Amino acid sequence: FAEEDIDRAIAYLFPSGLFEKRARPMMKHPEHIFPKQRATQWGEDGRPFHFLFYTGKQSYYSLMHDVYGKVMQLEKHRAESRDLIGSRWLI
Amino acid sequence: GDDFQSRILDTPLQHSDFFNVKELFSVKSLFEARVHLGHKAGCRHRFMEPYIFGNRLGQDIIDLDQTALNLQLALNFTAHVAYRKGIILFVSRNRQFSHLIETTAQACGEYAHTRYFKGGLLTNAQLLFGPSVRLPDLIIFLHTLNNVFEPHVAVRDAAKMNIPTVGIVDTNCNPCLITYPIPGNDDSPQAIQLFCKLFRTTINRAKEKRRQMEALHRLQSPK
Amino acid sequence: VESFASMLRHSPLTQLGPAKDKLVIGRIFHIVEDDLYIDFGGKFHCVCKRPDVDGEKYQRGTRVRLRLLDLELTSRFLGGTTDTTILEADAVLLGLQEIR
Amino acid sequence: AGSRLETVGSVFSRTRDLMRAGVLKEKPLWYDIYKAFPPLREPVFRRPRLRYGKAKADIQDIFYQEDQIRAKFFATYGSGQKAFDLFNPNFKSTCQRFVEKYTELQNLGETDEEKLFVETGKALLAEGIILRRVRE
Amino acid sequence: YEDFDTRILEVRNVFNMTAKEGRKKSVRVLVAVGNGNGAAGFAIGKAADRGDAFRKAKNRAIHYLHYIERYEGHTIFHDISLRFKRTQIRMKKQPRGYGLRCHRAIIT
Ligand SMILES: [Mg+2]
C-alpha cells in the first residue's frame with residue numbers, strides 16, 4: 001500500500017466535491033502536512049548543534065560560508081563556462 | 001560522587017594559571033604580529049589613552065606590556081568558561097576576517113556571528129530563537145566597532161544581559177563596557193590571525209583538560 | 001628577553017621615520033579585477049591599479065615596489081569630533097621587484 | 001527578572017546584588033571565575049567627555065636620539081635608492097647603516113656634527129654604498 | 001515573583017490625533033516594583049487600554065531592578081542631595097523609629 005493508493009482510498013470513503021482541493025479530506029504523511037522548519041536546534045544541555053545557530057539563518061549562512069571558501073581556493077590556486085545551457089538559477 | 005564533582009569544578013580555581021596560557025604568547029610574538037600599531041592620533045578614543053605607549057609621528061603605539069597582562073587575564077578567563085562547558089560566541093563585523101572568524105569558531109567547537117546583528121538578539125532571544133534558548137556564557141569581540149564606526153550593538157546588549165565580554169580594543173575603540181579588554185591592533189591580518197589562534201588553542205586545551213580531569217576522577221570511583 | 005621599548009626602537013617601521021615619499025617593498029595578497037591589495041608591512045594595506053605594462057605579471061604573492069604617502073588615510077570634517085578613516089594606506093605602485 | 005541597567009555598576013556587581021536581594025537563586029557559571037581572576041579594571045560604564053580649556057592628553061611623542069641623525073640623512077640624501085623591506089625583522093637600510101657608523105665615530109669622541117656627517121659619508125663610500133647628495 | 005509588589009505612581013490619559021478616531025486615545029502608566037528587601041525598579045508602560053499599560057509597565061520594571069544599599073536594613077548610609085533636571089531631592093539619614101517623612105511618592 002502506497003501514497004497513491006491511500007489518496008484514492010480516501011477519495012472513495014470520503015467523497016467530497018469541494019472545488020478547492022486543500023479543503024478536502026486528507027490522510028497524508030506528517031512530513032507533507034506539517035511545516036518542516038520546526039525541528040529542535042539544540043540538545044538537552046542547551047548547546048546549539050550548529051556553530052552558526054546564533055545568526056538566525058544558520059542554513060543560509062552555512063551555505064554562504066561554503067561557497068565563499070570554494071571561491072577563495074580557486075582564486076588562490078590560480079576555458080568556456082557554458083557547461084550547462086538552457087538552465088536558470090533556482091527561484 | 002559529590003566530592004568528585006567538587007574536585008572537577010573547584011580545583012581549577014585554586015591555581016593562578018591552571019591551563020598554562022602564559023606560554024602561548026609573548027611580547028616578542030605579539031610584536032611580530034603588529035599588535036602594537038594603532039590608528040592616527042585623530043581617531044583616538046579618550047578611554048584608550050591609558051593603554052597607548054605613545055605617538056610615533058602621528059600613529060598611536062600600543063604598549064605591549066599592558067597587552068600581555070590584559071591578554072593573560074582574558075585568555076585565562078576564556079579557558080575556565082570553556083572548561084565549565086560554557087557557550088562562547090565570537091562576534092565581529094569586519095568582512096575581511098568574516099571567513100577566518102567563522103572558521104576559527106568551528107575549529108574551537110564554539111559559535112560565530114559575523115553577519116548583520118538583529119536588534120533584540122540577546123534582549124529578546126526567546127521570541128527570535130524559541131522559549132528555552134540558552135544564551136551565550138561569553139562573547140568574544142574580535143572587533144568592537146561595526147562598519148559605520150560605532151560600537152557593535154552586542155557590546156551594550158551583552159551588558160544588559162550580564163554576559164561577560166572579552167574584546168580586542170584598538171585606539172579608536174571604547175573599552176569601558178568590555179569585561180576583559182585586550183588592547184591591540186584589530187586591522188592587520190597578522191594580528192587578527194594571532195588572536196584567533198590563541199583563542200582556539202586556549203579553548204581546545206581547556207576542553208581537553210576537562211575530559212582528562214573527568215577521566216581521572218571518574219576512574220577513582222571504581223578504583 | 002628583549003623589552004618592548006627595545007623592540008620598538010630598532011623596528012624597521014621606526015627606522016623608516018616619516019612615511020611620505022619613502023620606498024618600500026610590498027606583496028600582493030588579494031586581487032579583485034584590476035585592483036591590487038598590497039601589504040607593505042604596515043597596519044593598513046594599500047590598493048593600487050594593475051599597470052598596463054606587464055599586467056599579467058602582477059599575480060598573488062608577487063613582490064612589488066611602492067612609494068608610500070600615508071600609512072592611514074584620515075581627515076576630520078566639519079562637525080566631527082573624531083577623524084574619519086577609510087582604513088586604507090596610500091602608495092604609488094612603481095613596478096615589480098627584481099628577484100635577482 | 002534581572003538588571004538590564006548597563007549604566008550603573010557592572011555585570012559582576014549587578015549579579016552580586018541580584019543574588020543578595022534574592023532574585024537570582026543560582027550563580028552563573030562565569031561568576032566564580034570572575035571572583036578568582038577579575039580584570040585589572042572594573043567594567044563600569046563611563047560617558048566619554050571632551051576636553052575643554054587647557055586640558056591636554058598625556059601621550060609622549062616617540063623620538064629617539066637616532067632621529068636627529070636620520071632627519072639629516074633624509075634631508076641631504078633622501079631615502080636610500082634601495083627599497084625598504086619591512087617584512088624582514090632584521091632589515092638594515094642604507095639609512096640605518098649611516099646611523100650605525102655615525103654613532104661609532106661619535107663614540108670615538110668627535111664633537112662636531114659636521115665632522116661626523118662628512119666622515120660617515122666617506123666611510124660608507126669605502127664600503128661601496130652609493131650615496132647621492134640629491135638636493136632636488 | 002510573588003515576593004515582589006507593584007505600586008502605581010502616575011497614570012496619564014493622553015489623546016493624540018490619528019485617523020482611527022480622529023483624536024486617538026492613549027494611557028501612559030508609571031509603576032514601581034520592589035521586594036522590600038533592597039531590590040526595586042520602575043518602568044513606564046503605554047497602551048490604548050489601561051489594563052494593558054499596567055501589564056507592560058509591571059513586567060518591564062522587573063527587568064530593571066536596582067539594588068539599594070540600606071544601613072542596617074532601615075535607612076540610607078548617608079545624606080543624599082541631588083538635582084535631576086529641575087527636580088531637587090534632599091534625603092537625610094535618620095535613627096530608628098523616625099519613620100518615613102517624605103513626599104508621598106517617596107514613601108511608596
Ligand atoms: Mg583598528
# chains A, B, ... in the order shown; residues from 1 in each chain; ligands from 1
>>> interface_residues(of="chain D", to="chain C", cutoff="9 Å", atoms="only C-alpha atoms", output="PDB file with N, CA and C atoms, in the first residue's frame")
ATOM      1  N   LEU D  50      34.508  65.429  26.348  1.00  0.00           N
ATOM      2  CA  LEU D  50      35.523  66.155  25.606  1.00  0.00           C
ATOM      3  C   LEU D  50      36.360  67.000  26.558  1.00  0.00           C
ATOM      4  N   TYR D  64      63.551  59.063  19.328  1.00  0.00           N
ATOM      5  CA  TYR D  64      64.826  58.585  19.828  1.00  0.00           C
ATOM      6  C   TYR D  64      65.950  59.516  19.381  1.00  0.00           C
ATOM      7  N   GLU D  66      68.522  58.752  17.631  1.00  0.00           N
ATOM      8  CA  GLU D  66      68.897  58.500  16.246  1.00  0.00           C
ATOM      9  C   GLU D  66      68.120  59.375  15.274  1.00  0.00           C
ATOM     10  N   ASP D  67      66.950  59.874  15.678  1.00  0.00           N
ATOM     11  CA  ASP D  67      66.114  60.637  14.758  1.00  0.00           C
ATOM     12  C   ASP D  67      66.786  61.932  14.328  1.00  0.00           C
ATOM     13  N   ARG D  70      68.866  60.720  11.621  1.00  0.00           N
ATOM     14  CA  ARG D  70      68.060  60.257  10.496  1.00  0.00           C
ATOM     15  C   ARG D  70      67.450  61.427   9.736  1.00  0.00           C
ATOM     16  N   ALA D  71      67.005  62.461  10.452  1.00  0.00           N
ATOM     17  CA  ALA D  71      66.423  63.616   9.781  1.00  0.00           C
ATOM     18  C   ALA D  71      67.428  64.263   8.839  1.00  0.00           C
ATOM     19  N   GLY D  78      68.012  62.080   0.937  1.00  0.00           N
ATOM     20  CA  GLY D  78      66.719  61.471   0.717  1.00  0.00           C
ATOM     21  C   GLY D  78      66.711  60.042   1.238  1.00  0.00           C
ATOM     22  N   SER D  79      65.738  59.274   0.758  1.00  0.00           N
ATOM     23  CA  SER D  79      65.664  57.861   1.096  1.00  0.00           C
ATOM     24  C   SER D  79      66.591  57.061   0.193  1.00  0.00           C
ATOM     25  N   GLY D  80      67.253  56.061   0.773  1.00  0.00           N
ATOM     26  CA  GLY D  80      68.180  55.242   0.019  1.00  0.00           C
ATOM     27  C   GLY D  80      67.529  54.645  -1.210  1.00  0.00           C
ATOM     28  N   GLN D  81      68.259  54.609  -2.328  1.00  0.00           N
ATOM     29  CA  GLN D  81      67.671  54.104  -3.563  1.00  0.00           C
ATOM     30  C   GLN D  81      67.207  52.664  -3.404  1.00  0.00           C
ATOM     31  N   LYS D  82      67.866  51.898  -2.540  1.00  0.00           N
ATOM     32  CA  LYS D  82      67.372  50.573  -2.195  1.00  0.00           C
ATOM     33  C   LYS D  82      66.060  50.695  -1.431  1.00  0.00           C
ATOM     34  N   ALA D  83      65.122  49.804  -1.738  1.00  0.00           N
ATOM     35  CA  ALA D  83      63.787  49.885  -1.164  1.00  0.00           C
ATOM     36  C   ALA D  83      63.743  49.224   0.207  1.00  0.00           C
ATOM     37  N   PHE D  84      63.017  49.849   1.131  1.00  0.00           N
ATOM     38  CA  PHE D  84      62.824  49.265   2.451  1.00  0.00           C
ATOM     39  C   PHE D  84      62.056  47.957   2.342  1.00  0.00           C
ATOM     40  N   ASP D  85      62.480  46.965   3.118  1.00  0.00           N
ATOM     41  CA  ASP D  85      61.755  45.707   3.256  1.00  0.00           C
ATOM     42  C   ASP D  85      61.317  45.585   4.709  1.00  0.00           C
ATOM     43  N   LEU D  86      60.053  45.905   4.975  1.00  0.00           N
ATOM     44  CA  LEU D  86      59.523  45.914   6.331  1.00  0.00           C
ATOM     45  C   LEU D  86      59.009  44.548   6.759  1.00  0.00           C
ATOM     46  N   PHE D  87      59.216  43.521   5.938  1.00  0.00           N
ATOM     47  CA  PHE D  87      58.852  42.161   6.297  1.00  0.00           C
ATOM     48  C   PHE D  87      60.013  41.389   6.902  1.00  0.00           C
ATOM     49  N   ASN D  88      61.242  41.855   6.700  1.00  0.00           N
ATOM     50  CA  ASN D  88      62.411  41.226   7.295  1.00  0.00           C
ATOM     51  C   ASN D  88      62.651  41.826   8.673  1.00  0.00           C
ATOM     52  N   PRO D  89      62.549  41.051   9.756  1.00  0.00           N
ATOM     53  CA  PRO D  89      62.663  41.652  11.094  1.00  0.00           C
ATOM     54  C   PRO D  89      64.030  42.241  11.389  1.00  0.00           C
ATOM     55  N   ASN D  90      65.075  41.826  10.672  1.00  0.00           N
ATOM     56  CA  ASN D  90      66.431  42.308  10.904  1.00  0.00           C
ATOM     57  C   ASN D  90      66.956  43.126   9.727  1.00  0.00           C
ATOM     58  N   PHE D  91      66.061  43.769   8.981  1.00  0.00           N
ATOM     59  CA  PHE D  91      66.479  44.533   7.814  1.00  0.00           C
ATOM     60  C   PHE D  91      67.372  45.695   8.230  1.00  0.00           C
ATOM     61  N   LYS D  92      68.437  45.916   7.461  1.00  0.00           N
ATOM     62  CA  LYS D  92      69.339  47.047   7.658  1.00  0.00           C
ATOM     63  C   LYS D  92      69.273  47.922   6.415  1.00  0.00           C
ATOM     64  N   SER D  93      68.670  49.099   6.549  1.00  0.00           N
ATOM     65  CA  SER D  93      68.560  50.023   5.436  1.00  0.00           C
ATOM     66  C   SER D  93      69.851  50.821   5.279  1.00  0.00           C
ATOM     67  N   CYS D  95      70.012  53.971   5.439  1.00  0.00           N
ATOM     68  CA  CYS D  95      69.993  54.998   6.474  1.00  0.00           C
ATOM     69  C   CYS D  95      70.398  54.421   7.824  1.00  0.00           C
ATOM     70  N   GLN D  96      69.984  53.186   8.115  1.00  0.00           N
ATOM     71  CA  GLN D  96      70.307  52.589   9.406  1.00  0.00           C
ATOM     72  C   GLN D  96      71.793  52.284   9.523  1.00  0.00           C
TER      73      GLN D  96
END
>>> residues_near_ligand(ligand="ligand 1", cutoff="7 Å", atoms="only C-alpha atoms and all ligand atoms", output="ChimeraX atom specification")
/B:38-39,170-172,185-187
>>> residues_around(residues="residue A:28", least_positions_apart="4", cutoff="8 Å", atoms="only C-alpha atoms", output="list in words")
residues 3, 7, 32 and 33 of chain A
>>> interface_residues(of="chain A", to="chain B", cutoff="12 Å", atoms="only C-alpha atoms", output="PyMOL selection string")
chain A and resi 38-58+60-62+64-72
>>> interface_residues(of="chain D", to="chain B", cutoff="6 Å", atoms="only C-alpha atoms", output="count of residues only")
10
>>> residues_around(residues="residue E:68", least_positions_apart="2", cutoff="12 Å", atoms="only C-alpha atoms", output="JSON, numbers by chain")
{"D": [8, 9, 14, 17, 18, 20, 21], "E": [34, 35, 36, 37, 38, 39, 40, 41, 65, 66, 70, 71, 73, 74, 75, 76, 77]}
>>> write_last_selection(atoms="N, CA, C and O atoms", output="mmCIF file, in the first residue's frame")
data_model
loop_
_atom_site.group_PDB
_atom_site.id
_atom_site.type_symbol
_atom_site.label_atom_id
_atom_site.label_comp_id
_atom_site.auth_asym_id
_atom_site.auth_seq_id
_atom_site.Cartn_x
_atom_site.Cartn_y
_atom_site.Cartn_z
ATOM 1 N N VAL D 8 24.805 51.586 35.327
ATOM 2 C CA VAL D 8 25.044 51.628 36.765
ATOM 3 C C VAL D 8 25.692 50.312 37.173
ATOM 4 O O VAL D 8 25.096 49.240 37.006
ATOM 5 N N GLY D 9 26.911 50.392 37.706
ATOM 6 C CA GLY D 9 27.608 49.201 38.153
ATOM 7 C C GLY D 9 28.185 48.399 36.996
ATOM 8 O O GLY D 9 28.488 48.924 35.922
ATOM 9 N N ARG D 14 26.156 43.796 39.465
ATOM 10 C CA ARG D 14 24.722 43.596 39.295
ATOM 11 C C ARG D 14 24.325 42.150 39.555
ATOM 12 O O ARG D 14 23.219 41.891 40.040
ATOM 13 N N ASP D 17 24.504 41.711 43.373
ATOM 14 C CA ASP D 17 23.383 42.350 44.053
ATOM 15 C C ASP D 17 22.101 41.547 43.881
ATOM 16 O O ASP D 17 21.332 41.376 44.834
ATOM 17 N N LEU D 18 21.847 41.054 42.668
ATOM 18 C CA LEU D 18 20.630 40.289 42.428
ATOM 19 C C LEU D 18 20.568 39.050 43.308
ATOM 20 O O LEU D 18 19.480 38.638 43.724
ATOM 21 N N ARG D 20 22.017 38.835 46.345
ATOM 22 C CA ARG D 20 21.778 39.302 47.707
ATOM 23 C C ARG D 20 20.306 39.618 47.930
ATOM 24 O O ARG D 20 19.747 39.290 48.983
ATOM 25 N N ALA D 21 19.664 40.261 46.955
ATOM 26 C CA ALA D 21 18.244 40.564 47.080
ATOM 27 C C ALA D 21 17.423 39.291 47.234
ATOM 28 O O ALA D 21 16.478 39.244 48.030
ATOM 29 N N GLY E 34 9.119 46.331 43.884
ATOM 30 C CA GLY E 34 10.153 46.038 44.857
ATOM 31 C C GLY E 34 9.744 44.883 45.737
ATOM 32 O O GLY E 34 8.555 44.596 45.906
ATOM 33 N N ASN E 35 10.752 44.217 46.296
ATOM 34 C CA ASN E 35 10.537 43.114 47.220
ATOM 35 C C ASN E 35 10.666 43.537 48.676
ATOM 36 O O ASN E 35 10.622 42.682 49.564
ATOM 37 N N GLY E 36 10.823 44.832 48.943
ATOM 38 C CA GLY E 36 11.006 45.286 50.305
ATOM 39 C C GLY E 36 12.294 44.841 50.952
ATOM 40 O O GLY E 36 12.437 44.978 52.170
ATOM 41 N N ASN E 37 13.240 44.312 50.174
ATOM 42 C CA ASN E 37 14.485 43.774 50.706
ATOM 43 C C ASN E 37 15.686 44.291 49.921
ATOM 44 O O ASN E 37 16.701 43.602 49.801
ATOM 45 N N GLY E 38 15.587 45.503 49.379
ATOM 46 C CA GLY E 38 16.696 46.169 48.732
ATOM 47 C C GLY E 38 16.603 46.241 47.224
ATOM 48 O O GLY E 38 17.280 47.082 46.619
ATOM 49 N N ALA E 39 15.787 45.399 46.598
ATOM 50 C CA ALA E 39 15.679 45.352 45.146
ATOM 51 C C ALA E 39 14.403 46.051 44.705
ATOM 52 O O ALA E 39 13.313 45.720 45.181
ATOM 53 N N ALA E 40 14.543 47.016 43.802
ATOM 54 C CA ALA E 40 13.402 47.775 43.317
ATOM 55 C C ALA E 40 13.705 48.294 41.921
ATOM 56 O O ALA E 40 14.863 48.431 41.524
ATOM 57 N N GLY E 41 12.641 48.584 41.179
ATOM 58 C CA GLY E 41 12.781 49.130 39.842
ATOM 59 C C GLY E 41 11.504 49.820 39.422
ATOM 60 O O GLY E 41 10.448 49.650 40.034
ATOM 61 N N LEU E 65 15.841 46.099 37.782
ATOM 62 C CA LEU E 65 15.859 46.106 39.239
ATOM 63 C C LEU E 65 17.171 46.701 39.732
ATOM 64 O O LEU E 65 18.235 46.099 39.564
ATOM 65 N N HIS E 66 17.096 47.881 40.339
ATOM 66 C CA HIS E 66 18.226 48.391 41.092
ATOM 67 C C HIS E 66 18.320 47.652 42.421
ATOM 68 O O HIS E 66 17.338 47.099 42.920
ATOM 69 N N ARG E 70 21.020 49.643 52.142
ATOM 70 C CA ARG E 70 20.390 50.154 53.351
ATOM 71 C C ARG E 70 21.338 49.962 54.523
ATOM 72 O O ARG E 70 21.857 48.860 54.729
ATOM 73 N N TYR E 71 21.552 51.024 55.295
ATOM 74 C CA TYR E 71 22.354 50.923 56.506
ATOM 75 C C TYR E 71 21.538 50.212 57.578
ATOM 76 O O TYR E 71 20.513 50.730 58.031
ATOM 77 N N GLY E 73 19.593 47.926 57.287
ATOM 78 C CA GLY E 73 18.319 47.489 56.764
ATOM 79 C C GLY E 73 17.156 48.432 56.976
ATOM 80 O O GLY E 73 16.019 48.050 56.671
ATOM 81 N N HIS E 74 17.382 49.640 57.493
ATOM 82 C CA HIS E 74 16.284 50.551 57.778
ATOM 83 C C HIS E 74 16.486 51.977 57.285
ATOM 84 O O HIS E 74 15.538 52.765 57.364
ATOM 85 N N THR E 75 17.661 52.342 56.778
ATOM 86 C CA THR E 75 17.885 53.719 56.357
ATOM 87 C C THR E 75 19.051 53.768 55.378
ATOM 88 O O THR E 75 19.771 52.788 55.181
ATOM 89 N N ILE E 76 19.214 54.938 54.755
ATOM 90 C CA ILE E 76 20.319 55.165 53.832
ATOM 91 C C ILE E 76 21.625 55.333 54.600
ATOM 92 O O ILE E 76 21.639 55.652 55.795
ATOM 93 N N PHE E 77 22.743 55.102 53.905
ATOM 94 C CA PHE E 77 24.054 55.165 54.541
ATOM 95 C C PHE E 77 24.493 56.589 54.862
ATOM 96 O O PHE E 77 25.297 56.778 55.779
#
>>> atom_distance(atom1="atom CA of residue B:126", atom2="atom CA of residue E:30")
25.6 Å
>>> select_by_dssp(residues="chain C", states="alpha helix (DSSP H)", output="PyMOL selection string")
chain C and resi 4-9+12-16
>>> write_last_selection(atoms="N, CA and C atoms", output="mmCIF file, in the first residue's frame")
data_model
loop_
_atom_site.group_PDB
_atom_site.id
_atom_site.type_symbol
_atom_site.label_atom_id
_atom_site.label_comp_id
_atom_site.auth_asym_id
_atom_site.auth_seq_id
_atom_site.Cartn_x
_atom_site.Cartn_y
_atom_site.Cartn_z
ATOM 1 N N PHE C 4 59.901 45.529 25.147
ATOM 2 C CA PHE C 4 59.114 46.158 24.091
ATOM 3 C C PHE C 4 59.731 47.480 23.657
ATOM 4 N N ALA C 5 60.268 48.247 24.606
ATOM 5 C CA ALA C 5 60.869 49.529 24.257
ATOM 6 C C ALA C 5 62.052 49.338 23.317
ATOM 7 N N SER C 6 62.858 48.302 23.554
ATOM 8 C CA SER C 6 63.963 47.999 22.651
ATOM 9 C C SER C 6 63.450 47.545 21.290
ATOM 10 N N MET C 7 62.415 46.701 21.275
ATOM 11 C CA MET C 7 61.876 46.223 20.006
ATOM 12 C C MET C 7 61.387 47.381 19.149
ATOM 13 N N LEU C 8 60.706 48.348 19.765
ATOM 14 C CA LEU C 8 60.168 49.473 19.010
ATOM 15 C C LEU C 8 61.282 50.349 18.457
ATOM 16 N N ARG C 9 62.326 50.585 19.253
ATOM 17 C CA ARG C 9 63.401 51.475 18.826
ATOM 18 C C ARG C 9 64.115 50.936 17.593
ATOM 19 N N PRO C 12 61.948 47.990 12.031
ATOM 20 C CA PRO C 12 62.023 48.590 10.689
ATOM 21 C C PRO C 12 61.081 49.764 10.501
ATOM 22 N N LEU C 13 59.893 49.716 11.105
ATOM 23 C CA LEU C 13 58.955 50.822 10.961
ATOM 24 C C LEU C 13 59.446 52.066 11.688
ATOM 25 N N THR C 14 60.154 51.892 12.805
ATOM 26 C CA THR C 14 60.725 53.041 13.495
ATOM 27 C C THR C 14 61.881 53.640 12.706
ATOM 28 N N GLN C 15 62.642 52.805 11.996
ATOM 29 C CA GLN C 15 63.761 53.306 11.207
ATOM 30 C C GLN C 15 63.279 54.103 10.004
ATOM 31 N N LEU C 16 62.130 53.732 9.440
ATOM 32 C CA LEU C 16 61.632 54.413 8.252
ATOM 33 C C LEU C 16 61.441 55.903 8.492
#
>>> closest_residue(among="D:7, D:99, D:112, D:72", to="residue D:46", atoms="only C-alpha atoms")
D:7
>>> interface_residues(of="chain C", to="chain B", cutoff="6 Å", atoms="only C-alpha atoms", output="PyMOL selection string")
chain C and resi 43+82-83
>>> write_last_selection(atoms="N, CA and C atoms", output="PDB file, in the first residue's frame")
ATOM      1  N   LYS C  43      50.216  48.751   9.147  1.00  0.00           N
ATOM      2  CA  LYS C  43      48.933  48.402   9.745  1.00  0.00           C
ATOM      3  C   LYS C  43      47.880  48.165   8.670  1.00  0.00           C
ATOM      4  N   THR C  82      35.865  63.405  15.808  1.00  0.00           N
ATOM      5  CA  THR C  82      36.939  62.458  15.556  1.00  0.00           C
ATOM      6  C   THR C  82      37.230  62.432  14.064  1.00  0.00           C
ATOM      7  N   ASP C  83      38.408  61.923  13.718  1.00  0.00           N
ATOM      8  CA  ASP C  83      38.805  61.839  12.322  1.00  0.00           C
ATOM      9  C   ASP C  83      38.066  60.705  11.624  1.00  0.00           C
TER      10      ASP C  83
END
